[PDB]
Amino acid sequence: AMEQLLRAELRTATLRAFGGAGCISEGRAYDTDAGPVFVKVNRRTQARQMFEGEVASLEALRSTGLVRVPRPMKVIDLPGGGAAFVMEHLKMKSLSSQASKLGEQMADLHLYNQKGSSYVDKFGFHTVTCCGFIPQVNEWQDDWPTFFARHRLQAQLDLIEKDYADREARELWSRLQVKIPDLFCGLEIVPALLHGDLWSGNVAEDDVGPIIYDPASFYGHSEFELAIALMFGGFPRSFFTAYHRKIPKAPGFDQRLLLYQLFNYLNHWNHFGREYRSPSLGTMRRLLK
């Protein structure tokens, strides 16, 4: 898509995405006596909490045996604030040929909780995981639209009120809250373990297959995983084809997709500022149309 436009506008046969590293933290690879390691540094005061949530997320994904992610090694307090997180170094290129395989794996990951050796019947998580540098509440809830409205959308919009005092966001949210249960089409939603931040910048591949990293995990609706993948692009079509061969789109998928993308726009407004006010409000208005 964007790659097709670039190939045409620039006149290139090939086009391979590549590549301190990251938007939240600084990341560098080091060679050590025991092997290569990768180290993320964040100087903010909440850094340890963020990295401990990433450690818990990595451990939950690794326990499934369905996807490859870096092994977490150590979280280290930094003099003068913040923390460093050391993990296994992985040789990686951007996701291309392994996209359909990753689609299969992410669908199996979401379906894992329905396997007989998994018993999680509520939405949430056993510990705090951060969306970027913003701590999230993962308090267990039986009802997914309640969990998502309260501990994702409302939490972001309360931060928008505090920091931006945005009248339009407040007024639109009140109207949207009324609509949210209708978007679920009377469906029974079952918990699915999510990577939680499956942007194209957080997936990659090597010669064995795809790799994913930087998770912010919780038990959620499987569909929420795909919203960030779709809105910022970067995943080949074959990723989604393989995924939906295993988990078909339930009724109302397209409208829930807007609701889940809304969360990501609000989170980008809080992290990155007013640039993201227009898509946030615009998505709310589209849901209310």
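C-alpha atoms forming the largest set that superposes within 1.5 Å between two forms make up the rigid core. Don't overthink the numbering: it's just position in the shown sequence, from 1.
Greater average departure of CA atoms from the shown form, over structures and residues in 4 other deposited structures of this protein after a core fit, characterises 111-119 among 111-119 and 130-138. Taken in 4 other deposited structures of this protein and fitted on the core, 87-95 and 184-192 differ in how far their Cα atoms move from the shown form, and the one that moves more is 184-192. Modelling of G20 is missing from a third or more of the other compared entries in which both of its neighbours are modelled. Stretches compared: 269-277, 8-16. Higher mean C-alpha B-factor in the entry: 8-16.
Stretches 190-198 and 89-97 differ in mean CA B factor, with 89-97 having the higher one.
Across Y30, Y243, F263, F224, the entry's maximum B-factor at the CA atom is seen for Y30. Between the residues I247, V39, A34, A60, it is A34 that shows the highest Cα B-factor in the PDB record. Split the chain's modelled residues into thirds by C-alpha temperature factor. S117 is in the highest one. When the modelled residues of the chain are ordered by C-alpha B-factor, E54 sits in the lowest third. In this PDB entry, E171 carries a Cα temperature factor that places it within the middle third of its chain's modelled residues.
Per-chain ranking of the deposited C-alpha B factor places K74 in the highest third. Among the modelled residues of the chain, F184 sits in the middle third by CA temperature factor in this PDB entry.
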